[PDB]
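What follows is a set of notes on a single structure, which appears directly below.
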Amino acid sequence: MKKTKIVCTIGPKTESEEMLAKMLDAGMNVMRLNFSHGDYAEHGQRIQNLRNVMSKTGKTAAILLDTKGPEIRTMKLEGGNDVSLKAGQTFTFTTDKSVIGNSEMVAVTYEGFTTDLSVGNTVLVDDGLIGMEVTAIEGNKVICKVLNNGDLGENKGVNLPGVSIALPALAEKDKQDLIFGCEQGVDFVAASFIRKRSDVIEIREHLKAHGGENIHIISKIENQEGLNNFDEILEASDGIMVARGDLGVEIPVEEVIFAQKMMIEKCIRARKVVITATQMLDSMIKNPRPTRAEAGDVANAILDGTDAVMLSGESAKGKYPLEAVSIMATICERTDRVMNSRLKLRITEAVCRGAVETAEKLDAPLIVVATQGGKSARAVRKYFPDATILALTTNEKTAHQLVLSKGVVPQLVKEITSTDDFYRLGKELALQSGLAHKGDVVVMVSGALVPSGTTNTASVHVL
Amino acid sequence: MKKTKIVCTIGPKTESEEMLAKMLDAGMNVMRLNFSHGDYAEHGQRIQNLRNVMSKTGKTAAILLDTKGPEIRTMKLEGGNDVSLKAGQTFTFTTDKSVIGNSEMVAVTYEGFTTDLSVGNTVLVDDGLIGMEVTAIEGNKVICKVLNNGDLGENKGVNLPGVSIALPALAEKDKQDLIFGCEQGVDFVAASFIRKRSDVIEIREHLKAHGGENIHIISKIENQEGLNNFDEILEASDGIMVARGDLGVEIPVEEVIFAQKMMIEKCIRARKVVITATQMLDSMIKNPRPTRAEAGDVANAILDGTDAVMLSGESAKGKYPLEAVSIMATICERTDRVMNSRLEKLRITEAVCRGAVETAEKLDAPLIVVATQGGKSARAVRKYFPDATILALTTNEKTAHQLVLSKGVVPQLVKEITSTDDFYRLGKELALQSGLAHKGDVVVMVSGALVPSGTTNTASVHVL
Amino acid sequence: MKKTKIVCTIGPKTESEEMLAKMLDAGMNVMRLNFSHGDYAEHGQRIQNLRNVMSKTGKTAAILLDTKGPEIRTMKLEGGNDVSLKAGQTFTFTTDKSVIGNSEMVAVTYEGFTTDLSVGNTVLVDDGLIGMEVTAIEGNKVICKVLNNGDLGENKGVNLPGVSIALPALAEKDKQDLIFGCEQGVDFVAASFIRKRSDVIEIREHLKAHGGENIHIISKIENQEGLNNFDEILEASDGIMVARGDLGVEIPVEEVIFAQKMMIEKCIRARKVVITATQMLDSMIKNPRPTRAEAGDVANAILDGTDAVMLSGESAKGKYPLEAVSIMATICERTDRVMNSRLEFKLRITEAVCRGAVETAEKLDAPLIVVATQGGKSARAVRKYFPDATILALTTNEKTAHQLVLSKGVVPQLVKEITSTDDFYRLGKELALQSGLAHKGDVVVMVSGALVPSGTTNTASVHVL
Amino acid sequence: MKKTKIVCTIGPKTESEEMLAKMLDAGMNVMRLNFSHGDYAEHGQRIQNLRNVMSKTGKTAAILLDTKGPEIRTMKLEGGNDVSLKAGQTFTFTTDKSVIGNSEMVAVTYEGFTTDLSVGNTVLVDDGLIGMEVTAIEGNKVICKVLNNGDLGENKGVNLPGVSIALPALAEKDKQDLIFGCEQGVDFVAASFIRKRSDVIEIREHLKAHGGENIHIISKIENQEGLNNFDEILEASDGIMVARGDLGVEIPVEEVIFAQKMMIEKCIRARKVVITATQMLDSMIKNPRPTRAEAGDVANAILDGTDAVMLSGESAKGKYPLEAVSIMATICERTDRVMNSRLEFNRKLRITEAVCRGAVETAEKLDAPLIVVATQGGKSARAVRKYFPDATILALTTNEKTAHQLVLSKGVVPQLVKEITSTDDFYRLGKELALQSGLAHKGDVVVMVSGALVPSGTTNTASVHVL
């Protein structure tokens, strides 16, 4: 009876129908396809396997495509050997991709490394392992002074704290991956390294161009620029993914937690899904139990008010995926049990808030919602109702998409002819769902005599 | 645009169709038929006239039948001449008509004055003018001691606080009047001499016996016993009439105010209509303008939260009825203008209606449209004193008439309401058509869906 | 056990020490001296009598001087007989006093009757008995049309609804009446027919000139102009008296109670005393019992949140004064019994501390709030929030001790001196026990001003008796 | 601008006065002396050094003594070499010390290991590295089945989840350490492995017996039994230390989070100090920067409402003590910056509660940047602190111990005064010191809280002043 949802990164070890079924049973709600690794055949087969399991078992789940995204990385070294960098030495970055790199200098993939950077800026290498301060920028070169000792290797990630990185919204591979996403008919697209509105709009147009207009865009906030432009990004997006690990490398350490809480809170207010990802249960990639701190982080993330929590590497390429999903689910359950509701504003707001409040007054274990796009369910969900949300819809895509929202059980129905019919059918399905029984009060929310996008009716019934 | 309703007692001076129309224009909402004096031809004609005015103008109104009830009075004295009494002496009451007695002893009209009464009880005469306490009970006589000086007159009213008089709520005249009421198909019956729940039940039974089961009973609280059993009387009744003047004769002046307020509050809580009736604008029976104290009293009575106010004598046999109704209406509007909403085992109806008013208030909705069969939903919404006017759609004419007595509700008779969506459509149409709301205004729409009649469970917000 | 205070107009039947004692026992708190009637010897004797009763019994009370004020009256008629006026006729008012007046015309005392009035204005005579509409104004005459039939007599009051009457704030006798008041050392001055702030300023300035600077001025709102300019009058005044009867003839009838309610509300907020006065229990002048409506009126006036209620004629020249005071006290008690506190959600320190004091007192079930005051401000500041607890006011100022008698739910106590805050707590606790209003074990909240002059209240302390 | 206090475990890296001074500048408020290691001369030297720094700089600080406590540990192995235990094997624990231990069996130091433990119970070894399931208990032996592969070594700690361990409240060394604590006149004593009220009482009596009655006892909750008896333990104690690391091996992991939050909450209500300890910034033992997760953990611990946060190892034997204290202080400042007041809104509460709540409320209402408090024992300051006032608490006291001890309470600045003769005197002196502190300025509103005409333990008067 947990409400917060679980996104599971599926890989070679958990792609089989058996494992997927066990994963769904364990508490999995959404399959993440990390396009940082794999080819189309694999991902396609995972999709097919999952949906067949879904078809066979009658279990519900969503499919999310996570792009690799554009990134600045170092390149090849002399003889393929790592080098050791010392503190205080003159290190240089060149934008020439033909350059093989040694101690003194290395090449980067980004053609704007010289342009975007300024003298005094910080350059981090290999997930913040090695830090450098730019001393000079000349021609195609960026001359820096090393701040700390460390060993540089091949193809390491580069982070530029507080720097606006003129990279495209989509790498060329990402564009093709999105087309694949449209072909497969995924429910979500998690766009990596979103820094501004134009990026999201570009994602949207790219989708639109290949019949993916109904696919929801989850903007991944990974650095300061994206955090600064969070409002427009959120307004333009259908959801947000809080990437703590990257933020930990991009912004001051003491600020990440408030970025998470702030983004979660704003996501909650906007009735849009939010996912807290990375650095979740990483220790369980090799161990059968997570550490206390991890459980704490996850629990607190749930208490912040997250729609979903994500497993990355634990469930994909880890030695104990089911254990991770299981303990994650227990944490979810334990945390959800003790959370309470949070009670010019418009119709939808007043009606949904009033519906939750009314539900709370009458000890209703269920709030049934008639939805076409999924907006009403999220509108009711906004207030963290004690009641489970039974979202009845004739749209599979939204039915799938609602799987990601907290505390909502979506259900596909043939048709809803009217409001009274919705009440009848809703009562029937409310009893059929097993979430409520005879004698229980149920609150029923819908849009009457209005187009989609407005919630204005609330009705109380006894089962 | 007043919310509080005005009940007007109609008499020969105000029975005409033109005058009734003028009275309706002035602010009249309900016609009171005081059967304390008059015949069936008059009242019937009054009813017919009102209904004619209603038919021609398209104006809505209710008809209230007020029973006279039984009374204990003193009897005949020497030569039809006045007399005089003394304090501290031995006054005696006998259950014997033939006995005449100016002082020392007196006869009463009620057979069993000796029987029901007990030693220690108080006997009041002429609206509490003279009080005495029962000293002993023997045979056909009961000796009492006078507590205060006063002059006794011919055939004066008698009050017995806390004493069960054991007379029925209805005499043969009241019974026939009530049957007449059922025949005429009146909307309300204001029952006199209600002391306890059984009295109300008897009225109900008499009604039901003549096809008046849907007629609402307004119980008149006019005595101490009725005040003690107010809860049961209220539970059994459809509404209450607060008779301050009559209570003033049975209880201390210091308790009447809070008795009124308490009865009004409890009536409001129970979704039962309440009427403040006696000593309203009595001076306007003789004068064209009321006194400050009266207007103040009325205003405070409205502020207490009464559904309606009654003119009794001002509108019936007074020289300035139209003026009284007018100034009453101005007072009503003026008082209603500055009143705020009053938000609140808790059930559905309560939660939905309260939530509906709250939602209406939050969104600046000028109208709350309500679907009603029995009228309970409109009254349930009214309970919270909505700033918005209640537009009550019903297929029941009786309730449509009866809702005229409830505060801030405009009843509307419709042919049919087939469903909830149909109710929303028709409600929007009539909301616009009524002129109380226009394009752009939000309206909250309240009804019962897939539930019995007496239950309200749906609230929906729409834009016109 | 009542909180609402009772002002009683004293006359020949209640002028004796015995009756005054009885009146105090019945529930009287303040003596009103209506200088519309009486001479200086009489009023002086009343004052002396009250002070004697107070000295002998040891009970506390206040003395209020009510001025007559300026008046517009009609004058004498032919043969000293009333005349009967008919509606629609031509009645004229003349400024020539020497004129004896008949049906057609009568003289008035005010020489600006033509100036202040305009065509269309209403002229009322004898407490709204006779109404007239101004048709024309010529020379020293005001030509009017009678609206209703009535008998006009000699020396009748004239009322002008909604008309600004350019009469002075003080009549010639009133100055000497106030001087007498200062000499006698009265506690309050009730000024009649206050229409504007300047009037209050004039009274205050006059009192200031004769050692009456410490006397509180209560402005009587009796007409449209005074009501329209109520805020400035309240700001300028120390208190207000709501004259319903006088307002009732001056403003629309449906507006009188909301004027009362509005004015009472503002007085409490301003921490100034308010008195609900005229048309209280007048029926008890001839009858031994009040009417229901009157009792209702008193109760509602108290429920509005008035500090005190006034008897005018009931207590002076009525057949049943003691009965009136008694039933008044009973009504006060019955109404006060069911009133609760008003704990908001401008305001400053004093407000915050006093509000907090009441809050804490009620939170801890304290039946008593002891307050140290020099001017009486802290007690009224605490009183503003209608504490369930009785307010015990300690003072080294006799005048404030007298004046606090009018404030609701305040028991004044004259103390020798208050040397410090701890000393105040000690003395307050002691006197709290001595008062008998509190007992051993009871919690008491103690409010005072620490390290600040006598105009701000900043300390609140909780003690157990 | 931070209100949350920082407890720093001092070691070889931070034992000098210079380092102590820098540590105080960095944000250190309390020195923790971990008696799991060291001798009296060393700790004494540490105390002397801190007190010297305090004497020279005029800075205030507290000294907290952390006991090693009793423990169940394994004993010696063959040749001093690790042995490898495999999953599914029959392992045995013996109460015979003289036994040197191999792959099959090892001895434990605790004699009631046989008695307290039962069949089915779990046995964890070496900080939960190796887990075993008890299959049978015979004689002096406890037969168990190993659940996971692992290497067992010499002198490793043993944890018994959910087991009531009849160990004494105080080890023999702890007692002499406490006597030393009394000798040195420490401000706090952190008692290890508290499971029940009696344990607290024993320590209290032991202190009392050696003139340490004014020393505050912080009960360290490290297992389920202590968590079960938390209320009475808190009742008997002056404060609590939430040992998350120890809890993580003793109770279900998903329960640890709410145990921390629950205990912080109850400590706040009880007007007693609470310290969130262990697994704070451990990564900084090796690195110059903490992990995001660590900062998050600390921040949330502060947001839960802990009075203080504790460094253990970061400040003692780490390569980056200053960095750890500094970033810790930064976290404290950043987190404290955005916290709001928590005003009550359990049926009946008394005077002190009403006065203090009302004082904070009034303080907030008038935008008072400072609340001055008169205290003898520190209860009033802690009583005011309960509501997390935005205003700083300036605590005036004639008690040196209380001045020192209040350094641990959140958002309170203690000040030692010679005398307070009366309430007006307190207002005068308080206003003076309020101005002198630089925490308030001319014109600013100050709320002044104290006990007037009442014994110690009672706060009953609150007064508003303009400086």
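Every chain in the structure tokens has a letter given in the order shown (A, B, ...), and although residue numbers restart at 1 in each chain, ligands are simply numbered from 1 in the order shown.
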Would you mind listing what lies within 12 Å of residue B:163 as a ChimeraX atom specification, with only C-alpha atoms counted and same-chain residues fewer than 4 positions away left out?
/B:113-124,134,158-159,167,195,223-226,228,250
Once you count only C-alpha atoms, which residues of chain C turn out to be within 10 Å of chain D? Could you give them as a ChimeraX atom specification?
/C:347-350,352-353,355-357,359-361,363-364,420-423,425-426,443,445-452,457-464
Write out as an NGL selection string every residue belonging to chain A that has an atom at most 8 Å from any atom of chain B, counting only C-alpha atoms.
:A and (346-347 or 350-351 or 354 or 358 or 361-362 or 418-420 or 423-424 or 448-449 or 456-461)
Can you write just those residues out, C-alpha atoms, as an mmCIF file, in the first residue's frame?
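File written: part13.cif
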```
data_model
loop_
_atom_site.group_PDB
_atom_site.id
_atom_site.type_symbol
_atom_site.label_atom_id
_atom_site.label_comp_id
_atom_site.auth_asym_id
_atom_site.auth_seq_id
_atom_site.Cartn_x
_atom_site.Cartn_y
_atom_site.Cartn_z
ATOM 1 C CA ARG A 346 -8.952 28.612 -9.702
ATOM 2 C CA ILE A 347 -11.697 26.019 -10.018
ATOM 3 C CA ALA A 350 -10.576 24.665 -5.027
ATOM 4 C CA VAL A 351 -12.490 21.588 -6.170
ATOM 5 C CA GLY A 354 -12.026 20.515 -1.315
ATOM 6 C CA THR A 358 -13.984 16.246 2.052
ATOM 7 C CA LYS A 361 -13.650 14.405 6.747
ATOM 8 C CA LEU A 362 -15.532 11.243 5.763
ATOM 9 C CA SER A 418 -21.868 10.786 -18.460
ATOM 10 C CA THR A 419 -21.275 12.018 -14.912
ATOM 11 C CA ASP A 420 -23.895 9.710 -13.397
ATOM 12 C CA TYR A 423 -20.467 7.530 -10.619
ATOM 13 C CA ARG A 424 -22.065 4.152 -11.354
ATOM 14 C CA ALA A 448 -18.905 17.966 -16.178
ATOM 15 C CA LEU A 449 -20.002 19.879 -19.282
ATOM 16 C CA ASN A 456 -14.977 21.179 -11.586
ATOM 17 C CA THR A 457 -17.187 18.425 -10.128
ATOM 18 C CA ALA A 458 -16.919 16.488 -6.864
ATOM 19 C CA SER A 459 -19.368 13.835 -5.634
ATOM 20 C CA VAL A 460 -19.583 11.755 -2.451
ATOM 21 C CA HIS A 461 -20.956 8.196 -2.555
#
```
If we count only C-alpha atoms, what is near residue D:432 at a cut-off of 12 Å, once residues fewer than 3 positions away on the same chain are taken out, given as a list in words?
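Here the qualifying residues turn out to be residues 372, 394, 396, 425, 426, 427, 428, 429, 435, 436, 437, 438, 439, 440, 441, 442, 446, 465, 466 and 467 of chain D.
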Selection above as a file: N, CA, C and O atoms, as a short mmCIF file (atom, residue, chain, number, x, y, z; two decimals), in the first residue's frame:
```cif
data_model
loop_
_atom_site.label_atom_id
_atom_site.label_comp_id
_atom_site.auth_asym_id
_atom_site.auth_seq_id
_atom_site.Cartn_x
_atom_site.Cartn_y
_atom_site.Cartn_z
N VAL D 372 16.65 38.14 25.55
CA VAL D 372 17.53 38.03 26.70
C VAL D 372 16.85 37.19 27.78
O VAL D 372 15.67 37.38 28.07
N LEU D 394 20.04 35.41 24.37
CA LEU D 394 21.15 35.87 25.20
C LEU D 394 20.90 35.48 26.66
O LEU D 394 20.10 36.11 27.35
N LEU D 396 21.81 35.19 30.38
CA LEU D 396 22.60 35.75 31.48
C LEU D 396 22.51 34.83 32.70
O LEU D 396 21.42 34.45 33.11
N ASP D 425 16.54 45.19 37.77
CA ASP D 425 17.98 45.07 37.62
C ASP D 425 18.34 44.17 36.44
O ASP D 425 19.28 44.47 35.69
N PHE D 426 17.61 43.08 36.28
CA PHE D 426 17.81 42.19 35.15
C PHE D 426 17.51 42.90 33.83
O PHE D 426 18.24 42.73 32.85
N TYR D 427 16.45 43.69 33.81
CA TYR D 427 16.09 44.47 32.63
C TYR D 427 17.20 45.46 32.29
O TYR D 427 17.63 45.56 31.15
N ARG D 428 17.64 46.21 33.30
CA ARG D 428 18.73 47.16 33.11
C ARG D 428 19.99 46.48 32.58
O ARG D 428 20.47 46.80 31.50
N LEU D 429 20.50 45.52 33.35
CA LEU D 429 21.71 44.80 32.97
C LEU D 429 21.54 44.10 31.63
O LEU D 429 22.45 44.07 30.81
N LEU D 435 22.99 45.55 24.28
CA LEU D 435 23.71 46.52 23.47
C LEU D 435 25.18 46.13 23.31
O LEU D 435 25.74 46.23 22.21
N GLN D 436 25.80 45.70 24.40
CA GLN D 436 27.23 45.36 24.39
C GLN D 436 27.54 44.17 23.49
O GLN D 436 28.63 44.08 22.92
N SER D 437 26.59 43.24 23.37
CA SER D 437 26.81 42.03 22.59
C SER D 437 26.95 42.30 21.10
O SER D 437 27.60 41.54 20.38
N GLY D 438 26.35 43.39 20.64
CA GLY D 438 26.36 43.73 19.22
C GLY D 438 25.30 42.93 18.48
O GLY D 438 25.17 43.04 17.26
N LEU D 439 24.55 42.12 19.22
CA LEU D 439 23.48 41.31 18.66
C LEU D 439 22.20 42.12 18.49
O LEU D 439 21.32 41.76 17.72
N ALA D 440 22.12 43.22 19.23
CA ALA D 440 20.99 44.14 19.15
C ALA D 440 21.52 45.56 19.14
O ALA D 440 22.65 45.82 19.56
N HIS D 441 20.70 46.49 18.65
CA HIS D 441 21.13 47.87 18.48
C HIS D 441 20.12 48.83 19.10
O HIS D 441 19.07 48.42 19.57
N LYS D 442 20.47 50.11 19.11
CA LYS D 442 19.60 51.14 19.65
C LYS D 442 18.30 51.16 18.85
O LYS D 442 18.34 51.25 17.62
N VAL D 446 13.58 44.11 22.40
CA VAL D 446 14.12 42.95 23.09
C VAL D 446 13.10 42.41 24.07
O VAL D 446 12.50 43.15 24.85
N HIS D 465 11.27 45.42 25.86
CA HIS D 465 12.05 46.65 26.02
C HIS D 465 12.62 47.14 24.70
O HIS D 465 12.87 46.36 23.78
N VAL D 466 12.82 48.45 24.62
CA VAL D 466 13.49 49.08 23.48
C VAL D 466 14.86 49.55 23.95
O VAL D 466 14.97 50.25 24.95
N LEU D 467 15.91 49.17 23.22
CA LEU D 467 17.26 49.53 23.60
C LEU D 467 17.58 50.97 23.22
O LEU D 467 17.02 51.52 22.27
#
```
Leaving out residue C:23 and any residue of its chain fewer than 4 positions from it, which residues lie within 8 Å of it when counting only C-alpha atoms, given as a list in words?
residues 14, 19, 27, 28, 322 and 325 of chain C
Take the residues just selected and output them with N, CA, C and O atoms as an mmCIF file, in the first residue's frame.
```cif
data_model
loop_
_atom_site.group_PDB
_atom_site.id
_atom_site.type_symbol
_atom_site.label_atom_id
_atom_site.label_comp_id
_atom_site.auth_asym_id
_atom_site.auth_seq_id
_atom_site.Cartn_x
_atom_site.Cartn_y
_atom_site.Cartn_z
ATOM 1 N N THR C 14 -33.147 59.820 45.307
ATOM 2 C CA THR C 14 -31.935 59.020 45.426
ATOM 3 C C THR C 14 -30.758 59.894 45.837
ATOM 4 O O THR C 14 -29.600 59.506 45.685
ATOM 5 N N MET C 19 -30.242 56.005 50.275
ATOM 6 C CA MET C 19 -30.598 55.553 48.939
ATOM 7 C C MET C 19 -29.345 55.355 48.091
ATOM 8 O O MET C 19 -29.246 54.376 47.357
ATOM 9 N N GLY C 27 -26.004 47.907 42.549
ATOM 10 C CA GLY C 27 -25.079 47.738 41.441
ATOM 11 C C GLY C 27 -24.617 49.025 40.780
ATOM 12 O O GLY C 27 -23.897 48.980 39.782
ATOM 13 N N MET C 28 -25.023 50.169 41.322
ATOM 14 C CA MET C 28 -24.587 51.455 40.784
ATOM 15 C C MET C 28 -23.078 51.592 40.945
ATOM 16 O O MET C 28 -22.521 51.206 41.972
ATOM 17 N N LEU C 322 -34.639 51.919 42.641
ATOM 18 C CA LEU C 322 -33.912 50.756 43.138
ATOM 19 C C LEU C 322 -34.242 49.499 42.341
ATOM 20 O O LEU C 322 -33.360 48.693 42.046
ATOM 21 N N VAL C 325 -32.378 49.788 38.999
ATOM 22 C CA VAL C 325 -30.965 49.473 39.186
ATOM 23 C C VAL C 325 -30.767 47.975 39.407
ATOM 24 O O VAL C 325 -29.836 47.377 38.867
#
```
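Using only C-alpha atoms, the contacts of residue A:333 at a cut-off of 8 Å, with sequence neighbours closer than 6 positions omitted, comprise residues 1, 2 and 3 of chain A.
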Of the candidates A:149, A:49, A:81, A:454, which one gets nearest to chain D if we count only C-alpha atoms?
A:149
Would you give me, as a tab-separated table, each residue of chain B having an atom within 8 Å of an atom of chain C, along with its shortest atom pair and that distance in Å to one decimal, using only C-alpha atoms and sorting by chain and residue number?
```
residue	atom	partner	partner_atom	distance
B:244	CA	C:292	CA	8.0
B:245	CA	C:292	CA	7.5
B:248	CA	C:292	CA	6.4
B:253	CA	C:292	CA	5.4
B:254	CA	C:331	CA	5.6
B:255	CA	C:334	CA	7.9
B:256	CA	C:292	CA	7.4
B:257	CA	C:296	CA	5.5
B:290	CA	C:253	CA	7.7
B:291	CA	C:253	CA	7.3
B:292	CA	C:253	CA	5.6
B:293	CA	C:297	CA	7.2
B:294	CA	C:293	CA	7.7
B:295	CA	C:254	CA	5.9
B:296	CA	C:257	CA	5.5
B:297	CA	C:297	CA	6.9
B:299	CA	C:254	CA	7.8
B:300	CA	C:300	CA	7.6
B:330	CA	C:254	CA	7.5
B:331	CA	C:254	CA	5.5
B:334	CA	C:254	CA	7.3
```
Excluding residue D:328 and any residue of its chain fewer than 3 positions from it, enumerate the residues within 9 Å of it, using only C-alpha atoms, and give them as a compact mmCIF listing (two decimals) with N, CA, C and O atoms, in the first residue's frame.
```txt
# COMPACT_ATOMS: atom_id res chain seq x y z
N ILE D 6 28.24 22.90 17.30
CA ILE D 6 29.10 21.86 16.75
C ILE D 6 29.96 21.23 17.84
O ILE D 6 30.77 21.91 18.48
N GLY D 27 33.95 27.34 14.09
CA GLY D 27 32.57 27.15 14.54
C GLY D 27 32.43 26.13 15.65
O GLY D 27 31.31 25.80 16.05
N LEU D 281 30.45 13.32 8.71
CA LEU D 281 31.33 13.75 7.63
C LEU D 281 32.57 12.86 7.57
O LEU D 281 33.67 13.33 7.28
N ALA D 295 26.32 15.94 3.50
CA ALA D 295 25.79 17.28 3.71
C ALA D 295 24.27 17.23 3.86
O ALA D 295 23.70 17.89 4.73
N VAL D 298 23.39 15.68 7.33
CA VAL D 298 23.59 16.70 8.35
C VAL D 298 22.49 17.75 8.32
O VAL D 298 21.90 18.09 9.35
N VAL D 309 25.42 19.12 16.18
CA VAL D 309 25.93 18.07 15.30
C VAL D 309 27.36 17.76 15.75
O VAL D 309 28.09 18.67 16.16
N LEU D 311 31.25 15.86 15.33
CA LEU D 311 32.31 15.30 14.51
C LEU D 311 33.10 14.26 15.30
O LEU D 311 33.56 14.54 16.40
N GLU D 323 38.73 21.84 7.59
CA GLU D 323 37.81 21.76 6.47
C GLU D 323 36.47 21.20 6.91
O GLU D 323 35.41 21.72 6.55
N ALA D 324 36.52 20.13 7.71
CA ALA D 324 35.32 19.48 8.21
C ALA D 324 34.49 20.40 9.10
O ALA D 324 33.28 20.53 8.91
N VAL D 325 35.13 21.01 10.09
CA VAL D 325 34.44 21.95 10.98
C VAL D 325 33.89 23.12 10.18
O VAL D 325 32.76 23.57 10.41
N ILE D 331 27.19 24.36 6.53
CA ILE D 331 25.93 23.62 6.48
C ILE D 331 24.98 24.13 7.56
O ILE D 331 23.80 24.37 7.30
N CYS D 332 25.50 24.26 8.77
CA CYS D 332 24.72 24.78 9.89
C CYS D 332 24.12 26.14 9.56
O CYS D 332 22.92 26.36 9.72
N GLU D 333 24.97 27.05 9.09
CA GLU D 333 24.54 28.40 8.75
C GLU D 333 23.48 28.39 7.65
O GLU D 333 22.44 29.03 7.79
```
Using only C-alpha atoms for the distances, tell me which of A:30, A:75, A:83, A:21 is nearest to residue A:403.
A:30
Can you check which residues of stretch 210-339 of chain B DSSP gives as alpha helix (DSSP H) on the backbone and send them as a ChimeraX atom specification?
/B:224-228,230-236,244-247,253-269,292-304,321-336
Could you tell me how far atom CA of residue C:237 lies from atom CA of residue C:197, in Å and to one decimal?
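One can read the atom CA of residue C:237 to atom CA of residue C:197 distance as 8.2 Å.
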Can you work out the spacing between atom CA of residue A:224 and atom CA of residue A:196 in Å, to one decimal?
10.6 Å
